[PDB]
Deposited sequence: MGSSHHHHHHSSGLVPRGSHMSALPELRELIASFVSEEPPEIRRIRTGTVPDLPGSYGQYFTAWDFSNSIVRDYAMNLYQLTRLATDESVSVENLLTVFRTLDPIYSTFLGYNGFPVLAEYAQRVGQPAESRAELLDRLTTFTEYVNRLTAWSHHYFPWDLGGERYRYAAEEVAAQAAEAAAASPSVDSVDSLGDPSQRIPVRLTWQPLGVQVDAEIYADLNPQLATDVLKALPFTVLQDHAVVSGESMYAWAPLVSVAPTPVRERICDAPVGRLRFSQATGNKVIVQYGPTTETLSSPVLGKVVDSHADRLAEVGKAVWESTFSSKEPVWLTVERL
């Protein structure tokens, strides 16, 4: 692996909160970011920029697989787009992120080396984004801003104790389905969508660059739909109710019909976790 220390940090942070996330959410970042004795605004920037930085990194990873763009042009693109993000994040509570971002932009021997760096770095920043999303106070605007070929797998949420059986559609997005199946089993933090609607997503431990030709409109997905979003952090997404987002999502599978009614209880508890209580909910996906 190109960045072996990040690999150790990736394996560690699947179950442990990164120390930089804890410092940001408690206002203990050195040099004290934030204007006039508060740390919410810096917290707001830390959470959003690391998320959008991860989106940039994944698209740069995709570009590294595009053979029409030379390695020299790839590095030029990275060296232009990266610094404004990574230098701010290093000052705003992510020194190790900034350290490795500038390491990714070092001269590269080949396309494979650069793709290796970008794939590992993206998964690392994806995990920091995963924890930042879980702890960000999404309820802070509450009250004040209110409206008026079928591979069987098992999904378990703890400490809820809810289990559902599901099927991975291995013949729709075959490369994507194989990428998810090879990561099994894994246990990651389960969090709720904060804009979309009644859906949950969990940052899975992989970076898939597979094509996603088979998609469906998010606001048209059935209850129990398993979809996968590479662009927003390589997340396993479980739809449990009506949604709103109009973008289409790659189809991964579906919870079995005899277990789809079990998802309402999970979505409610996971919503309370992400929105208010921050009590962790752990999703385990395993091969049947």
Sequence ranges without modelled C-alpha atoms (deposited numbering):
1-21, 170-197
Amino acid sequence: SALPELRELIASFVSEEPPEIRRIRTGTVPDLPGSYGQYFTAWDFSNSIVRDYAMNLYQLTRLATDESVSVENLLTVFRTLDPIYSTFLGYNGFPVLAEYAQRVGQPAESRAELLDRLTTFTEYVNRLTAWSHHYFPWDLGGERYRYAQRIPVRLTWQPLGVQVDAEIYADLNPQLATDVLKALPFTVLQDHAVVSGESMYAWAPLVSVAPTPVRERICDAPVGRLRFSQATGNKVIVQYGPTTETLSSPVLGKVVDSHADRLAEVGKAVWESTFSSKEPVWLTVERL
From here on, numbers count along this sequence of modelled residues.
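So that the term is clear: the rigid core is the largest set of C-alpha atoms that superpose within 1.5 Å between two forms.
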Superpose on the core, then say which of 106-114 and 77-85 ends up with the larger RMS Cα offset from this form in 5 other deposited structures of this protein.
106-114
Is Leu247 left out in a third or more of the other entries?
yes
Would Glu143 be found without coordinates in at least a third of the other compared entries?
yes
Assert higher mean C-alpha B factor (233-241 or 255-263, deposited values) equals 255-263
Got a sec? Mean C-alpha B-factor, which is higher, 183-191 or 125-133?
183-191
Using the temperature factors in the entry, find which of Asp171, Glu113, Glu99, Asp165 has the highest value at its Cα atom.
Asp171
Highest Cα temperature factor in the entry, among the options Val223, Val69, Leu60, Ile49: which one is it?
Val223
Sorting the chain's modelled residues by C-alpha B-factor and splitting them into thirds places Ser15 in the highest
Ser249 by Cα B-factor - lowest, middle or highest third of the modelled chain
highest
Quick tally, chain-level thirds of C-alpha B-factors: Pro83 sits in the lowest
Among modelled residues of the same chain, the CA temperature factor third for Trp203
lowest
Hey, what third does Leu283 fall into on Cα B-factor, ranked over its chain?
lowest
